[PDB]
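Okay, target17.cif now, which holds mmCIF, C-alpha atoms and all ligand atoms:
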```cif
data_entry
#
loop_
_atom_site.label_atom_id
_atom_site.label_comp_id
_atom_site.auth_asym_id
_atom_site.auth_seq_id
_atom_site.Cartn_x
_atom_site.Cartn_y
_atom_site.Cartn_z
CA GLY A 3 -15.80 -6.25 -25.13
CA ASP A 4 -12.64 -5.25 -23.26
CA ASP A 5 -10.86 -1.91 -23.61
CA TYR A 6 -7.31 -2.44 -22.35
CA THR A 7 -4.15 -4.09 -23.61
CA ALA A 8 -2.22 -6.71 -21.64
CA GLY A 9 1.32 -5.59 -20.95
CA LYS A 10 0.51 -2.05 -22.04
CA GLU A 11 -1.91 -0.81 -19.39
CA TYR A 12 -1.76 -3.70 -16.92
CA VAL A 13 0.58 -6.67 -16.65
CA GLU A 14 -0.63 -10.16 -15.77
CA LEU A 15 1.64 -12.33 -13.63
CA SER A 16 2.42 -15.81 -14.95
CA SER A 17 2.56 -17.07 -11.37
CA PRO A 18 -0.47 -15.63 -9.49
CA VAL A 19 -0.70 -15.37 -5.71
CA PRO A 20 -3.86 -16.50 -3.84
CA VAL A 21 -5.43 -14.34 -1.14
CA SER A 22 -6.04 -15.47 2.45
CA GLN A 23 -9.84 -15.22 2.41
CA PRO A 24 -11.97 -15.33 -0.77
CA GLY A 25 -15.16 -13.43 -1.53
CA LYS A 26 -13.66 -9.95 -1.51
CA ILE A 27 -11.29 -8.45 -4.08
CA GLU A 28 -7.74 -7.66 -2.95
CA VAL A 29 -6.38 -4.21 -3.78
CA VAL A 30 -2.83 -3.57 -2.58
CA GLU A 31 -0.75 -0.44 -3.18
CA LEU A 32 2.96 -0.64 -2.44
CA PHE A 33 4.01 2.87 -1.51
CA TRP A 34 7.36 4.08 -0.20
CA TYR A 35 8.84 7.00 1.71
CA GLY A 36 10.82 7.95 -1.39
CA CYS A 37 8.19 7.94 -4.14
CA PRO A 38 6.76 11.40 -5.01
CA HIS A 39 4.29 9.79 -7.42
CA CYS A 40 2.62 8.10 -4.44
CA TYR A 41 2.01 11.45 -2.73
CA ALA A 42 0.16 12.92 -5.72
CA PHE A 43 -1.94 9.76 -5.82
CA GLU A 44 -3.25 10.16 -2.25
CA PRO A 45 -5.79 13.01 -2.98
CA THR A 46 -6.99 10.94 -5.93
CA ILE A 47 -7.15 7.40 -4.52
CA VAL A 48 -8.75 8.37 -1.17
CA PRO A 49 -12.17 9.49 -2.62
CA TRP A 50 -12.22 6.23 -4.57
CA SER A 51 -11.08 3.86 -1.82
CA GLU A 52 -13.37 5.37 0.82
CA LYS A 53 -16.28 4.90 -1.58
CA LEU A 54 -15.69 1.25 -2.42
CA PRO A 55 -18.46 -1.31 -1.74
CA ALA A 56 -18.25 -4.12 0.84
CA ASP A 57 -16.81 -6.33 -1.90
CA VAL A 58 -13.41 -4.66 -2.19
CA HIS A 59 -10.71 -4.31 0.46
CA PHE A 60 -7.73 -1.97 0.18
CA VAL A 61 -4.52 -2.83 2.05
CA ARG A 62 -1.69 -0.45 2.94
CA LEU A 63 1.60 -2.26 2.36
CA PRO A 64 5.05 -0.61 2.05
CA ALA A 65 7.80 -1.67 -0.35
CA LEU A 66 9.75 -3.91 2.02
CA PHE A 67 12.56 -5.06 -0.27
CA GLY A 68 15.34 -5.23 2.30
CA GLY A 69 18.04 -2.56 2.48
CA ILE A 70 16.66 0.83 3.47
CA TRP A 71 13.38 -0.10 1.77
CA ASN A 72 12.05 -2.20 4.65
CA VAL A 73 13.30 0.45 7.08
CA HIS A 74 11.23 3.07 5.27
CA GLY A 75 8.00 1.17 5.84
CA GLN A 76 8.05 -0.69 9.17
CA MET A 77 6.87 2.54 10.83
CA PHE A 78 3.54 2.27 9.01
CA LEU A 79 2.87 -1.32 10.09
CA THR A 80 3.72 -0.29 13.64
CA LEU A 81 0.97 2.35 13.65
CA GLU A 82 -1.62 -0.01 12.16
CA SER A 83 -0.89 -2.44 15.00
CA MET A 84 -1.40 0.32 17.60
CA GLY A 85 -5.14 0.21 17.05
CA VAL A 86 -5.58 3.79 15.88
CA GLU A 87 -8.16 4.72 13.26
CA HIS A 88 -8.83 8.05 11.51
CA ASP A 89 -5.67 9.41 13.12
CA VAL A 90 -4.92 11.56 10.07
CA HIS A 91 -2.79 8.99 8.25
CA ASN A 92 -2.17 11.47 5.41
CA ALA A 93 -0.24 13.73 7.81
CA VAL A 94 2.47 11.06 7.89
CA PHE A 95 3.03 11.29 4.13
CA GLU A 96 3.20 15.07 4.50
CA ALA A 97 6.14 14.97 6.93
CA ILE A 98 7.81 12.51 4.55
CA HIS A 99 7.37 14.17 1.14
CA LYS A 100 6.75 17.80 2.11
CA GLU A 101 9.10 18.10 5.07
CA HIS A 102 11.26 14.98 4.67
CA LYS A 103 12.78 15.14 8.16
CA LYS A 104 14.83 12.00 7.39
CA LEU A 105 12.35 9.61 9.01
CA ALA A 106 14.68 6.62 8.84
CA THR A 107 15.08 5.98 12.55
CA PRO A 108 12.54 5.17 15.35
CA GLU A 109 13.68 8.22 17.33
CA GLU A 110 12.76 10.73 14.61
CA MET A 111 9.55 8.78 13.98
CA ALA A 112 8.40 8.80 17.60
CA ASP A 113 9.47 12.43 18.04
CA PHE A 114 7.16 13.46 15.21
CA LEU A 115 4.33 11.04 16.07
CA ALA A 116 4.29 12.32 19.66
CA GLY A 117 2.94 15.59 18.28
CA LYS A 118 -0.17 13.99 16.79
CA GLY A 119 -1.22 11.75 19.66
CA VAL A 120 1.13 8.77 19.88
CA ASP A 121 2.76 7.26 22.97
CA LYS A 122 6.50 6.80 22.50
CA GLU A 123 6.46 3.90 24.96
CA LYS A 124 3.73 1.93 23.14
CA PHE A 125 5.34 2.72 19.80
CA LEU A 126 8.82 1.49 20.73
CA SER A 127 7.37 -1.41 22.73
CA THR A 128 5.68 -3.01 19.74
CA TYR A 129 8.19 -1.56 17.24
CA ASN A 130 10.98 -3.73 18.61
CA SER A 131 8.65 -6.69 19.08
CA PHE A 132 8.08 -9.78 16.95
CA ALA A 133 4.47 -8.65 16.39
CA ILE A 134 5.72 -6.27 13.71
CA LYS A 135 8.34 -8.68 12.35
CA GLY A 136 5.62 -11.24 11.62
CA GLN A 137 3.90 -8.64 9.48
CA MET A 138 7.17 -7.51 7.90
CA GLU A 139 8.10 -10.97 6.62
CA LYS A 140 4.50 -11.48 5.50
CA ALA A 141 4.53 -8.44 3.23
CA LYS A 142 8.17 -8.97 2.22
CA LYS A 143 7.56 -12.40 0.66
CA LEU A 144 4.34 -11.13 -0.92
CA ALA A 145 5.81 -7.95 -2.39
CA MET A 146 8.46 -9.83 -4.36
CA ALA A 147 5.82 -12.37 -5.39
CA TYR A 148 3.58 -9.62 -6.76
CA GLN A 149 6.41 -8.78 -9.19
CA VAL A 150 6.67 -5.31 -7.67
CA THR A 151 9.78 -3.89 -9.32
CA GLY A 152 8.89 -0.27 -8.64
CA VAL A 153 6.89 2.22 -6.58
CA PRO A 154 4.09 2.84 -6.53
CA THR A 155 2.42 -0.38 -7.68
CA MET A 156 -1.21 -1.43 -7.49
CA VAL A 157 -1.77 -5.17 -7.33
CA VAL A 158 -5.21 -6.70 -7.76
CA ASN A 159 -5.89 -10.19 -6.38
CA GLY A 160 -2.18 -10.96 -6.70
CA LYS A 161 -2.69 -11.44 -10.44
CA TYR A 162 -2.68 -8.05 -12.12
CA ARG A 163 0.12 -5.54 -11.59
CA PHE A 164 -0.08 -1.94 -12.75
CA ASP A 165 0.78 1.62 -11.75
CA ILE A 166 0.66 5.26 -12.82
CA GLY A 167 3.34 4.73 -15.45
CA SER A 168 1.91 1.53 -16.87
CA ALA A 169 -1.65 2.88 -16.96
CA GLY A 170 -0.58 6.24 -18.35
CA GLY A 171 -1.48 8.61 -15.54
CA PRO A 172 -2.85 8.75 -11.96
CA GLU A 173 -6.42 8.83 -13.27
CA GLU A 174 -5.71 5.96 -15.65
CA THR A 175 -4.51 4.00 -12.64
CA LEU A 176 -7.97 4.29 -11.08
CA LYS A 177 -9.51 3.21 -14.38
CA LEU A 178 -7.46 0.02 -14.50
CA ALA A 179 -8.11 -0.67 -10.82
CA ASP A 180 -11.90 -0.50 -11.18
CA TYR A 181 -11.75 -2.57 -14.38
CA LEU A 182 -9.64 -5.29 -12.77
CA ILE A 183 -11.97 -5.39 -9.76
CA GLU A 184 -14.88 -6.39 -11.98
CA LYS A 185 -12.53 -8.68 -13.90
CA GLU A 186 -11.92 -10.83 -10.83
CA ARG A 187 -15.45 -10.31 -9.51
CA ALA A 188 -16.77 -11.78 -12.77
CA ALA A 189 -14.92 -15.03 -12.01
CA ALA A 190 -17.19 -15.40 -9.00
CA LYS A 191 -20.34 -13.43 -9.77
CA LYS A 192 -22.75 -15.94 -8.17
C1 LIG I 201 0.77 -8.81 4.52
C2 LIG I 201 0.14 -8.09 5.70
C3 LIG I 201 0.97 -7.40 6.60
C4 LIG I 201 0.43 -6.42 7.44
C5 LIG I 201 -0.94 -6.12 7.39
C6 LIG I 201 -1.79 -6.84 6.54
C7 LIG I 201 -1.27 -7.87 5.73
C8 LIG I 201 -2.22 -8.86 5.11
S1 LIG I 201 -2.52 -8.49 3.30
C9 LIG I 201 -2.26 -10.03 2.46
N1 LIG I 201 -2.07 -11.23 2.98
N2 LIG I 201 -2.01 -12.11 1.89
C10 LIG I 201 -2.15 -11.41 0.79
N3 LIG I 201 -2.26 -10.09 1.09
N4 LIG I 201 -2.19 -9.05 0.16
#
```

Can the structure from this file be put into structure tokens for me?
Amino acid sequence: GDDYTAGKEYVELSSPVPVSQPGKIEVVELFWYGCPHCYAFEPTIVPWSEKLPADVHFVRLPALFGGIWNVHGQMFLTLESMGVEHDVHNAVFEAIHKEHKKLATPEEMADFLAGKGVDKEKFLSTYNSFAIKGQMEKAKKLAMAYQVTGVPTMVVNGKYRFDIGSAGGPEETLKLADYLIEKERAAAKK
């Protein structure tokens, strides 16, 4: 009969946000190019996310809160729109937190991406296109609605907000995530 405290481990939003399509549970993690905590979470969240059933869907959304925040995230959405899969996405975080070659401009981004199999022309073509902007505004209005006041931040079904600090550790974050998945799943368990 329960095992977590509201506000202590996970915080429930007074104003919840509905997902686009029902049936599957929404799991969003708002990472940033300036959060070290997100880097140490990668080798821990991957084995969990890539082992989830066909009832849970993880989404990669950056902390687009204007300023330099949105700038340090658009690059990711650009790659996802390129149609590349299993292109060693983790290598990107490496050049950001291990090297930190000031990836704040498209030039530096393309220069680095070109070394892993990325066309500078395609990149810049869609980068400066509305195709990415439509995604940017989409995540922007959702991020602030998910009550994301920090990074990282795991949001489940736009109702429960938690993170490493709130949970009490990277492992505790996974505990809360799995618990909340069943929490929402129970509201529609046939
Ligand atoms: C918000 C966006 C931008 C880019 C890729 C995927 C998405 C859809 S993810 C989403 N849409 N409504 C709720 N939710 N978490």

Could you name the residues that touch residue 70 (chain A) at 12 Å or less, counting all atoms listed in the file, but leaving out those on the same chain fewer than 2 positions away, as a short mmCIF file (atom, residue, chain, number, x, y, z; two decimals) with C-alpha atoms, in the coordinates of the input?
```
data_model
loop_
_atom_site.label_atom_id
_atom_site.label_comp_id
_atom_site.auth_asym_id
_atom_site.auth_seq_id
_atom_site.Cartn_x
_atom_site.Cartn_y
_atom_site.Cartn_z
CA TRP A 34 7.36 4.08 -0.20
CA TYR A 35 8.84 7.00 1.71
CA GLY A 36 10.82 7.95 -1.39
CA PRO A 64 5.05 -0.61 2.05
CA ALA A 65 7.80 -1.67 -0.35
CA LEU A 66 9.75 -3.91 2.02
CA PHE A 67 12.56 -5.06 -0.27
CA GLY A 68 15.34 -5.23 2.30
CA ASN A 72 12.05 -2.20 4.65
CA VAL A 73 13.30 0.45 7.08
CA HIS A 74 11.23 3.07 5.27
CA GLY A 75 8.00 1.17 5.84
CA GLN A 76 8.05 -0.69 9.17
CA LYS A 104 14.83 12.00 7.39
CA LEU A 105 12.35 9.61 9.01
CA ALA A 106 14.68 6.62 8.84
CA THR A 107 15.08 5.98 12.55
#
```

Using all atoms listed in the file, tabulate the residues of chain A lying at most 7 Å from any atom of ligand LIG 201 (chain I), each with its closest atom pair and that distance in Å to one decimal, by chain and increasing residue number, as JSON lines.
```
{"residue": "A:21", "atom": "CA", "partner": "I:LIG201", "partner_atom": "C10", "distance": 4.8}
{"residue": "A:22", "atom": "CA", "partner": "I:LIG201", "partner_atom": "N2", "distance": 5.3}
{"residue": "A:28", "atom": "CA", "partner": "I:LIG201", "partner_atom": "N4", "distance": 6.5}
{"residue": "A:30", "atom": "CA", "partner": "I:LIG201", "partner_atom": "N4", "distance": 6.2}
{"residue": "A:61", "atom": "CA", "partner": "I:LIG201", "partner_atom": "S1", "distance": 6.1}
{"residue": "A:63", "atom": "CA", "partner": "I:LIG201", "partner_atom": "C4", "distance": 6.7}
{"residue": "A:79", "atom": "CA", "partner": "I:LIG201", "partner_atom": "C4", "distance": 6.2}
{"residue": "A:137", "atom": "CA", "partner": "I:LIG201", "partner_atom": "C3", "distance": 4.3}
{"residue": "A:138", "atom": "CA", "partner": "I:LIG201", "partner_atom": "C3", "distance": 6.3}
{"residue": "A:140", "atom": "CA", "partner": "I:LIG201", "partner_atom": "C1", "distance": 4.7}
{"residue": "A:141", "atom": "CA", "partner": "I:LIG201", "partner_atom": "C1", "distance": 4.0}
{"residue": "A:144", "atom": "CA", "partner": "I:LIG201", "partner_atom": "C10", "distance": 6.7}
```

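Shortest atom-to-atom contact with residue 80 (chain A) among A:24, A:170, A:3, A:136: A:136, counting only C-alpha atoms.
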
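Considering the residues A:181, A:43, A:125, A:60 and counting only C-alpha atoms, residue 11 (chain A) has its shortest atom-to-atom contact with A:181.
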
Give me, as a PyMOL selection string, all polymer residues having an atom no more than 12 Å from residue 23 (chain A), counting all atoms listed in the file and skipping those fewer than 3 positions away in the same chain. chain A and resi 20+26-28+59+159

Got time to write the residues from that selection, C-alpha atoms, as a PDB file, in the coordinates of the input?
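And here's selection23.pdb as it stands now:
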```pdb
ATOM      1  CA  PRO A  20      -3.860 -16.500  -3.840  1.00  0.00           C
ATOM      2  CA  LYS A  26     -13.660  -9.950  -1.510  1.00  0.00           C
ATOM      3  CA  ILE A  27     -11.290  -8.450  -4.080  1.00  0.00           C
ATOM      4  CA  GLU A  28      -7.740  -7.660  -2.950  1.00  0.00           C
ATOM      5  CA  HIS A  59     -10.710  -4.310   0.460  1.00  0.00           C
ATOM      6  CA  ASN A 159      -5.890 -10.190  -6.380  1.00  0.00           C
TER       7      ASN A 159
END
```
